[PDB]
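Chains as they are written, first to last, in PDB author numbering: chain A, 28 to 209, 215 to 263, 269 to 280, 286 to 496; chain A', 28 to 209, 215 to 263, 269 to 280, 286 to 496. A prime marks a further copy of an entry chain. No residue lacks a Cβ here, since even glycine has one placed at the ideal position from N, Cα and C. Structure first, then comments.
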Ligand code: HEM
Ligand code: HEM
Ligand SMILES: CC(C)(C)OC(=O)N[C@H](CSC[C@H](Cc1ccccc1)C(=O)NCCCc1cccnc1)Cc1ccccc1
Ligand SMILES: CC(C)(C)OC(=O)N[C@H](CSC[C@H](Cc1ccccc1)C(=O)NCCCc1cccnc1)Cc1ccccc1
């Protein structure tokens with residue numbers, strides 16, 4: 028009933044089958060399909076997620092108009108997502124004057140001042156990591172990064188948000204550790225063909241987040257809420278905040299606590315895994331980086347907030363990895379008005395998509411796009427890089443509110459880990475890595491590596 | 028479109044509201060509503076579960092026609108239940124010539140011969156129970172029965188079916204113990225008003241059993257299948278069985299393994315909890331029973347299969363409890379034909395229901411129906427009891443296939459428990475017990491009791 032939309036505006040794309048759209052083209056994952064499309068169709072193309080049209084753009088100025096310029100006016104919300112139940116009040120899912128109300132009420136939690144106030148705490152679990160690694164290093168036993176990294180990222184989230192202190196790797200059976208550790217699978221494809229069936233599940237209290245984990249943290253939060261009240270973390274600042287322009291409700295407060303936890307668990311863990319792979323497969327880079335760390339932190343000195351930003355080959359290494367594996371893959375915004383941006387009409391209701399993964403591997407802005415070369419981000423060459431071709435944290439008012447915290451969380455782990463250990467591939471280590479043909483930005487085979495002690 | 032069905036046949040009942048039916052009358056639970064209806068309307072009445080008519084019968088001969096006589100011809104299947112995914116092949120859910128095919132292929136597992144072959148095994152975990160109770164008995168700390176009883180019933184199921192041996196109470200964090208321990217809640221009411229929405233969830237692979245626990249046991253079973261093949270329990274006999287009239291498939295085999303596990307976990311545990319309450323609130327009965335046990339098993343002798351059936355005050359105690367709390371509450375069968383049984387027309391499609399709980403408390407067949415008096419089942423008075431008024435295990439071809447195993451499982455626990463401990467109520471012990479106004483036959487407040495050692 029709408030599969031003729033791009034044929035009308037003269038916008039190219041693959042031919043959508045009825046009802047399915049082009050979702051059968053996802054057999055190789057969003058990334059390979061975007062790379063193919065960006066290659067076949069050029070600067071702008073179109074396709075249909077079921078009955079839903081999606082438009083892809085690759086011009087730095089047009090992306091800037093959508094993410095930055097016309098964010099408030101036109102492109103304010105991401106693609107609708109459901110069923111969710113009470114999770115409607117979550118920021119990344121919120122919309123319009125209820126997003127602007129929440130993005131404000133929670134921005135003060137990622138300031139340089141508060142972020143520096145978390146340096147003594149995040150550092151405490153970088154140490155706990157070393158013991159868990161050294162126990163498996165002295166017992167030569169190849170190591171799965173995501174396991175031990177997940178336990179660390181888990182340990183940092185909990186502390187930085189609620190104060191609950193657990194050695195999740197050695198307490199994988201703690202009642203607070205279990206609950207926590209929990215788009216092309218059989219369900220979500222049925223959602224994109226049956227978006228008319230989402231409202232059924234919403235009057236059903238059925239949620240893609242199980243109704244159990246949430247109810248454990250609706251109460252675990254209100255336990256801690258009444259445990260510090262009255263008697269430095271994310272929640273101590275979210276309680277200080279409810280003390286535009288209505289204050290923060292309490293089921294509203296329980297919702298954002300959850301979104302941070304995923305945000306910083308599988309992403310802090312996944313990215314650190316993509317990094318230790320690149321170091322293990324480019325040991326020269328691992329050499330140059332351990333030299334820089336011990337030059338800023340001699341005698342294995344403890345990283346501080348001001349020493350972390352001081353490490354430049356560290357930032358270069360982090361950036362280049364994110365180019366190769368930008369965990370979001372795509373950036374998306376929903377167009378709320380008949381608007382003509384940068385000389386092109388965008389009708390109301392169209393999802394606007396930026397293919398981040400494909401753009402990070404576009405040879406027109408990247409020489410040797412699939413090799414690992416941190417030298418792209420040296421202060422020498424870091425200036426020929428369009429800020430709208432490279433967006434691992436998005437851009438504009440709706441970008442990643444936790445970016446500063448993520449770059450600080452990961453670099454405090456890399457300093458403390460690379461001060462002590464070094465990483466060599468295994469025989470059973472997948473060289474080279476194959477990306478998941480599925481729906482998340484993750485490896486086909488989990489990253490296994492040999493670990494030795496300095 | 029069908030709410031005029033009972034008005035037509037001249038059958039009385041509460042007035043159904045559009046779409047909801049009489050389900051708003053479930054605010055006091057199925058039990059209180061059936062008692063009320065049986066009291067207001069007499070021997071036969073009618074009501075609507077949404078758009079679905081249900082007919083209640085209370086005559087011994089008419090129940091016998093449905094459960095026993097015309098089971099094969101007319102009343103073969105229970106009320107349709109979904110969504111379920113692959114669990115369609117489960118016996119209690121199976122229908123017609125695929126139930127008759129499965130009820131046969133699995134009946135040989137509850138014979139007196141095989142049941143006696145499980146006596147040495149089930150006895151091993153009655154002992155493990157004592158230590159866990161004595162640890163909390165020597166530390167005077169009131170005891171929650173369902174916790175420790177659940178761990179025991181759990182320990183017996185696993186062993187009697189797969190051989191996996193765990194102290195689930197002290198291993199509540201065993202990867203095999205966790206998966207296992209998992215009708216008027218917000219969901220199932222939406223199902224009975226929206227039965228047209230079930231087929232949506234079936235093409236969605238959404239199942240009221242989470243798609244996770246099942247996939248752990250589709251593989252855990254096929255681990256054990258290829259671990260004994262090649263190298269006494271339920272599965273060793275289900276593999277021996279696939280060695286009417288097609289053999290047992292392997293996803294067919296994974297399904298029945300699950301249905302036994304619930305069947306014998308929350309029911310073996312719940313019933314033993316309703317029993318220890320009745321003993322604690324009628325200590326004279328507890329006195330008479332410990333005398334009988336030590337008279338059959340002197341010196342705290344180990345129960346055997348032939349000593350267990352020998353205990354008559356034990357059976358009396360078990361029976362009378364089940365009268366007071368018959369965990370099924372109702373028996374149901376779906377009518378597949380225009381039939382006129384015992385002088386009454388039953389049109390096609392009508393669910394036929396027997397109110398077991400209400401009938402167990404009907405003063406016309408029970409003197410002092412709400413008191414606890416095991417003497418109703420003494421060999422003296424046990425003959426004035428209609429086998430179709432008292433059906434804790436159902437009746438006829440479709441009755442509880444595991445009845446013999448349940449009466450043997452529980453009595454082996456009561457002998458070993460009452461040989462050693464005695465049970466007194468607490469202050470915080472709920473005297474008298476309030477039944478759950480909800481959907482399962484369970485207490486409002488979990489049973490807590492003081493435990494002392496002989
Ligand atoms: C390697 C680490 C991370 C990366 C690469 C990353 C990337 C992104 C990206 C690309 C977006 C979408 C931005 C857009 O649409 O323009 C986003 C959104 C978001 N991120 Fe992250 N993220 C990371 C870690 C975190 C962490 C640790 C948090 C902790 C709270 C967090 C919280 C959020 C939130 C709340 C949003 C939604 C913002 C909004 O809609 O206003 N992220 N992130
Ligand atoms: C206190 C213990 C138990 C009680 C009171 C009980 C009661 C019942 C009742 C009333 C029914 C329905 C019968 C009917 O519709 O006429 C039933 C069915 C069933 N029970 Fe139990 N049960 C118990 C324990 C068990 C156990 C331990 C198992 C182990 C496998 C089991 C397996 C089954 C099965 C498979 C069915 C369905 C039979 C069929 O549809 O063919 N039950 N039970
Ligand atoms: C794809 C379509 C168009 C159908 O729907 C969307 O696009 N929905 C996206 C994600 S759905 C739900 C998600 C939270 C969640 C998902 C699964 C298990 C547990 C929690 C969310 O609510 N928020 C995600 C925030 C966590 C995060 C991830 C990466 C970086 N930083 C933070 C929304 C999204 C937000 C941010 C980046 C990328 C996507
Ligand atoms: C009420 C309407 C009319 C809508 O649906 C039905 O009546 N569905 C009944 C039960 S639903 C699913 C159930 C299994 C199950 C349920 C919940 C969590 C885990 C597993 C089953 O599949 N089987 C139950 C067998 C276990 C058992 C319980 C008690 C005694 N022995 C064995 C089916 C039923 C079977 C047997 C007795 C009472 C009810």
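- prompt: Taking the alpha-carbon positions, what's the residue 422(A') to residue 359(A') distance?
  reply: Distance from the CA of residue 422(A') to the CA of residue 359(A'), rounded to the nearest whole angstrom, comes to 15 Å.
message: On the criterion of 16 or more Cβ atoms from any shown chain inside 10 Å, does residue 320(A') qualify as buried, or is it exposed?
response: Buried: at least 16 other Cβ atoms inside 10 Å.
query: Looking at C-alpha atoms only, which residue of 190(A'), 274(A') and 452(A') is the closest neighbour of residue 311(A')?
result: Cα-wise, what sits closest to residue 311(A') is 452(A').
- request: Could you tell me whether the Cβ of residue 219(A') comes closer than 8 Å to any Cβ of chain A?
  value: Yes - at least one Cβ of chain A is within 8 Å of the one on residue 219(A').
8 Å contact criterion, which residue 157(A) and residue 462(A) should meet: CB distance rounded: Contact between residue 157(A) and residue 462(A) is confirmed by a C-beta separation of about 6 Å, below the 8 Å threshold.
- request: My understanding is that residue 299(A) touches residue 261(A), with C-beta atoms under 8 Å, so please give their C-beta distance in whole angstroms.
  value: The Cβ separation is near 16 Å, so there is no contact.
task: State the Cα-Cα distance for the pair residue 338(A') and residue 170(A), rounded to the nearest angstrom.
output: Going by the C-alpha atoms only, they are around 59 Å apart.
- prompt: By Cβ distance below 6 Å, which residues in the same chain neighbour residue 282(A') in space, the five residues on each side in sequence not counted?
  reply: Note on chain A': numbering goes from 280 to 286 directly, and residue 282(A') within that interval has no coordinates.
- prompt: Taking buried to mean at least 16 other C-beta atoms within 10 Å of its own C-beta, is residue 223(A) buried or exposed?
  reply: Buried, by the Cβ-count rule.
query: What in chain A is Cβ-close to residue 222(A'), meaning under 7 Å?
result: Chain A residues near residue 222(A'): 236.
query: Would you say residue 176(A') and residue 444(A') are within 8 Å of each other, going by their C-beta atoms?
result: Cβ distance not < 8 Å, so residue 176(A') and residue 444(A') don't count as in contact.
- prompt: Of all the options 131(A'), 109(A') and 110(A'), which has the alpha carbon lying nearest to the alpha carbon of residue 118(A')?
  reply: Of 131(A'), 109(A') and 110(A'), the smallest CA-CA separation from residue 118(A') is found for 131(A').
- prompt: Does the separation of the CB atoms of residue 284(A) and residue 237(A') fall below 8 Å?
  reply: Coordinates for residue 284(A) are absent; the numbering of chain A skips from 280 straight to 286.
field: Backbone secondary structure at residue 395(A') - three-state DSSP
entry: In the three-state scheme derived from DSSP, where H, G and I count as helix and E and B as strand, residue 395(A') is classed as strand.
- request: Report the option in 124(A'), 104(A'), 424(A') and 477(A') whose CA atom is closest to the CA atom of residue 282(A').
  value: Missing from the coordinates: residue 282(A'), inside the break in chain A' from 280 to 286.
- prompt: What's the gap between the Cα of residue 327(A') and the Cα of residue 43(A')?
  reply: Going from the Cα of residue 327(A') to the Cα of residue 43(A') covers about 45 Å.
field: Closer than 7 Å at the beta carbon, the chain A residues around residue 267(A')
entry: Within chain A', the sequence of modelled residues goes 263 then 269, so residue 267(A') has no position in this structure.
field: Partners in chain A' for residue 396(A), counting only beta-carbon separations shorter than 7 Å
entry: Here the premise fails: no neighbours, minimum Cβ distance about 31 Å.
message: Less than 7 Å separating the Cβ of residue 442(A) from some heavy atom of ligand 3?
response: Residue 442(A): yes, Cβ under 7 Å from ligand 3.
query: Measuring CB to CB, does residue 46(A') end up less than 8 Å from residue 225(A')?
result: Yes, the Cβ-Cβ distance between residue 46(A') and residue 225(A') is below 8 Å.
- prompt: By Cβ distance, which residues of its chain are closer than 8 Å to residue 476(A'), with the 5 residues on each side in sequence left out?
  reply: Closer than 8 Å at Cβ, skipping near neighbours: 485, 486 and 487.
- prompt: Less than 7 Å between the CB of residue 431(A') and some heavy atom of ligand 2, yes or no?
  reply: No; taking the cut-off as 7 Å, the Cβ of residue 431(A') has no heavy atom of ligand 2 nearer than that.
message: So, for residue 349(A'): in the same chain, excluding its five sequence neighbours on each side, which residues have a beta-carbon less than 7 Å away from its beta-carbon?
response: Answer for residue 349(A'): 338 and 339, listed in chain order.
query: Can you find a C-beta in chain A that's less than 8 Å from the C-beta of residue 461(A')?
result: No, no contact with chain A.
query: Beta carbon of residue 209(A), beta carbon of residue 245(A): below 8 Å?
result: In contact: residue 209(A) and residue 245(A) (Cβ atoms closer than 8 Å).
- request: Grab me the residues of residue 161(A')'s own chain with a C-beta within less than 7 Å of its C-beta, minus the 5 sequence neighbours each way, in chain order.
  value: Around residue 161(A'): 495.
Selection from 187(A'), 243(A') and 454(A') that minimises the alpha carbon distance to residue 206(A'): Of the listed residues, the one whose Cα sits closest to residue 206(A') is 243(A').
message: At the level of alpha carbons, what is the spacing between residue 407(A) and residue 396(A)?
response: Their Cα atoms are separated by approximately 15 Å.
message: Short of 8 Å in beta carbon distance, which residues of its chain neighbour residue 186(A), apart from the five on each side in sequence? Order them along the chain.
response: The answer, listed in chain order, is 148, 149, 151, 152, 192 and 270.
- prompt: residue 317(A) CB to nearest chain A' CB: under 8 Å?
  reply: No - not a single Cβ of chain A' is within 8 Å of the one on residue 317(A).
Three-state secondary structure assigned by DSSP to residue 403(A): Coil at residue 403(A), not helix or strand.
task: Go ahead and label residue 458(A) buried or exposed: buried means 16 or more other beta carbons lie within 10 angstroms of its beta carbon, across all protein chains shown.
output: Here residue 458(A) is buried: its Cβ has 16 or more other Cβ atoms, across all protein chains shown, within 10 Å.
query: Taking a cut of 8 Å between CB atoms, which residues from the region 430 to 453 of chain A' lie near chain A?
result: Against chain A - using a Cβ distance shorter than 8 Å - the region 430 to 453 of chain A' contributes no residues.
field: Alpha-carbon to alpha-carbon, residue 36(A') and residue 379(A')
entry: Rounded to the nearest whole angstrom, the CA to CA distance from residue 379(A') to residue 36(A') is 16 Å.
- prompt: Looking at the unbroken beta strand (DSSP E) that takes in residue 73(A), where does it start and where does it end?
  reply: Looking at the DSSP string, the run of the beta strand (DSSP E) that includes residue 73(A) is 71 to 76.
- prompt: Of all the residues that make up the region 473 to 485 of chain A', which are near chain A by a beta-carbon distance shorter than 8 Å?
  reply: Residues passing the 8 Å Cβ filter: none.
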